[PDB]
Amino acid sequence: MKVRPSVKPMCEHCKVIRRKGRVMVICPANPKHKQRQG
Amino acid sequence: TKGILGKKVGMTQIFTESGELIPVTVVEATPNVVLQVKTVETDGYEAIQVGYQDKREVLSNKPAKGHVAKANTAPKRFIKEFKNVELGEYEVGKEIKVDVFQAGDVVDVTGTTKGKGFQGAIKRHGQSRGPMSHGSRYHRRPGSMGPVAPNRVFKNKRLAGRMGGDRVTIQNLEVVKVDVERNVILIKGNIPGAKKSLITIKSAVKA
Amino acid sequence: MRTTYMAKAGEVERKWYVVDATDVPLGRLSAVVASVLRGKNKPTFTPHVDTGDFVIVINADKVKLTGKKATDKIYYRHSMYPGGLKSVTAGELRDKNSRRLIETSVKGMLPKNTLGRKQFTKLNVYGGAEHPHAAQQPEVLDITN
Amino acid sequence: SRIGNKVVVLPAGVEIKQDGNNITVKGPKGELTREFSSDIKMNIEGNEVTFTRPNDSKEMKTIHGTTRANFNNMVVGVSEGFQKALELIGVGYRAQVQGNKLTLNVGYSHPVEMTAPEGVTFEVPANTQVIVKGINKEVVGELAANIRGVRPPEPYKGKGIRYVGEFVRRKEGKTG
Amino acid sequence: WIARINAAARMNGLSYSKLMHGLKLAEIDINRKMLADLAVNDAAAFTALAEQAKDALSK
RNA sequence: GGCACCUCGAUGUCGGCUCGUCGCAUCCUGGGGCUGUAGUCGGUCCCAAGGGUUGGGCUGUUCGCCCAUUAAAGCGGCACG
RNA sequence: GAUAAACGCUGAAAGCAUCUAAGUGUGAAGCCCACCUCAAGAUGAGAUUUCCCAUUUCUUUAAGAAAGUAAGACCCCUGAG
Ligand SMILES: [Zn+2]
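Residues numbered from 1 in each chain as written, not as in the entry; some residues may be left out. Chains lettered and ligands numbered in written order. Part of a larger assembly, values for the part shown. Heavy atoms only, no water.

Structure determination for this PDB entry is given in the record as cryo-EM, at a resolution of 3.49 Å.

Each helix and strand in chain C was counted, giving 3 helices and 4 strands. Tracing chain C from N to C terminus, the helices and strands come up as β-α-β-α-α-β-β. Burial status across chain C gives 36% buried among its 145 residues. The long-range fraction of contacts in chain C, counting pairs at least 24 apart against all pairs at least 6 apart in sequence, stands at 70%. As displayed, chain C offers around 9,300 Å² of accessible surface, 53% of which is attributable to carbon and sulfur atoms. The distance from the centre of the 24 positive side-chain charges to the centre of the 14 negative ones in chain C is 8 Å. (Helix = DSSP H or I, 4+ residues; strand = E, 2+ residues; numbered from the N terminus. Buried < 20%, exposed > 50% of the residue type's maximum accessible area, 1.4 Å probe, protein only. Contact = heavy atoms within 4.5 Å. Areas by Shrake-Rupley, 256 points an atom, 1.4 Å probe, with all protein chains shown as cover. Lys, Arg positive; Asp, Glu negative; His and termini not counted. Charge placed at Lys NZ, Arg CZ, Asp CG, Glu CD.)

This next bit is on the pairing of strand β6 (residues 175-178) of chain B. Residue and element names in this part refer to chain B. In this structure, β6 lies alongside strand β7 (residues 184-188), joined through 3 bridges in antiparallel fashion. The partner of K177 across the bridge, within β7, is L186. Counted between consecutive antiparallel strands, the loop separating β6 from β7 contains 5 residues, among which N183 sits at a positive phi close to 60°. (Pairing = 2+ DSSP bridges.)

Turning our eyes to something else, we now look at the UniProt feature "binding site: Zn(2+) 2" (unreviewed entry) in chain A. Residues and elements named next belong to chain A. Look at the UniProt record and you will see "binding site: Zn(2+) 2" (unreviewed entry) annotated at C11 and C27. A maximum C-alpha distance of 7.6 Å places the annotated residues, which cover 17 residues in sequence, within one compact spot. When you line up the elements, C11 lands in the segment before β1 (15-17). Taking the relative accessible area as the measure of exposure, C11 reaches 22% and is therefore partly exposed. Sequence-distant contacts of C11, defined by excluding residues within four places in its chain, comprise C27, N30 and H33. Tracing the sequence through the fold places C27 in the loop between β2 (24-26) and β3 (35-36). (UniProt positions renumbered as here; feature names shortened; annotations may be inferred.)

Right under this line is the structure:
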């Protein structure tokens, strides 16, 4: 995980998804991309 | 479950079968009549009243001799209860000899501590004195009472007040002998109480 | 001095009512109840005589909490010792000790003196579905309030 | 809802009733009972079914999808049932079963077991494959998860448990 | 007196506003003190007034 | 550091002693995600305040340097308690 | 037993993917039980077993006043576990 205030997709495959009162970023290709806004 | 009261005689030693001295105290006992059976449908729980010693007759009153005589005994001195015991299995006026603790080997004695009167704030908490020389004048006192901001004294600041006289239990002690012909148990270790006090022994709680 | 009706002690007659709590938010049920208890709705109101009624609350488990407050309205207490702040409960008391709920959410909305205490022991709250007080023939209230 | 507007083509041997919200589905093996939202207009016509519903769902489009997907799940489950196949690498790993026990030897000191509820069984071909079969999709999935949860793979040599078609990246870490 | 008019009146389906409003509309001008006294004692008369007021703002 | 509202019919400073207590922006133990993580070690970030957190040499000392241990030798508030 | 970070299962709005809105789980020295003690002045003053059962005038018959007792308790004396 990378937990940052600002969150951006870094690959082309990355997607922006809300799961709870939070904002994920999931990328099946690489794992270094899981970003969760906090 | 397995519960017995009794006196407290003292302490001596005993060799085991392998040449090893063992400190041992002498919990004495006598037979003792179950006095009343408290049930769910009547008293909200399940328990058993017992009593370990014999009064004279001058030293009781009609309530006591009317509350005992439903089991036909001389009026007793102590009366206690027990819980978590498999009730069943019992009757009004039975007995509980020392048999129940053959080599139970795990047991939790309780009792009442000694008594030590008004005591300082060092014999009760292990608080340390202040420098007894180098010109000081703070030998044997209880320290400060806290900070300034709150304009009061917090709860649970500890200082002088009667020491000892409240019950306490020890856990996981063994048993060494059961001399049914004289009703005496022998356990390992130190047990609390003054001589001739009242003691109770039940099976372990921590399995 | 002139003529205005001032209720005496015993001339006031109290009644008995039974109120349900099936799917009602905590606040409003408590509000109606608290208004009934203090003696209002009786034109014989007097602000130092205890002209109240007797309330009996049923089904205190099925009371409704809107939105969250199922897991957020955190009650509290303090034991007057250092670090004693025990926030133990939540909106879980609906399950257990459901009497505690209304017996605070109303023992708040009353005054804070003796009158406001002897005016509280007329409460009887039951999480269950039937009361033992048929000895006194209580009636029913409705709620479009 | 393009997912809440497909067909429910019942197979052979299918009984479907309605008692309250409870729409049970029975057939050759299935006797399942689920719940369904109170805004669902079921259909008719032996084996040709759809789901008309009074729309304006949560956001005009939500409940439809889950509801029709779940009913199609019911149907497919009662008809045949499902599978989840597992492999095993990590030289020295085996698995043996006698009914509702699955011992596992995957390198720990002591062999790990696994119980089983009723609606599921295990069909062990050899020491390197397992196959779960059952009725529900959820339960099959959960048990397969719990089983993989004992030792998921490792991206260096390839040990651990995998699904069959599951992919695992390999970080070619040097040897010292 | 206001709280007492509240209690009594509300029983007749007249909120403690609409009663006063209708009364000051049908041109009836009783003083609150007398209204409180009536509400406590002469229930028949109070109900008569409440009826007239109900009629009044009904127009 | 700034201002000068507060106390001049008197509101006593630093360290050390006895005694604690609270916050977490966490030092150890506990649960986790990523790695330029083969293993043993590690780096960073996240959840977490339950308990624990050493003896001595030198200066009035806070501060600090050093010796010897340890799971670790935390940072701060409470009239710089 | 219920949860935190994290990990899922099943599933759509978005014919796919996707832990979530409906459904359904795992998960920490931390939360609540488990262990030890105090505790009905808990004026919402709890429960159980046993014991003791009736004079005089009238204030006026009322939750009246007064006197002698039962069960028991205390005073006084020998002491200390
Ligand atoms: Zn990416």
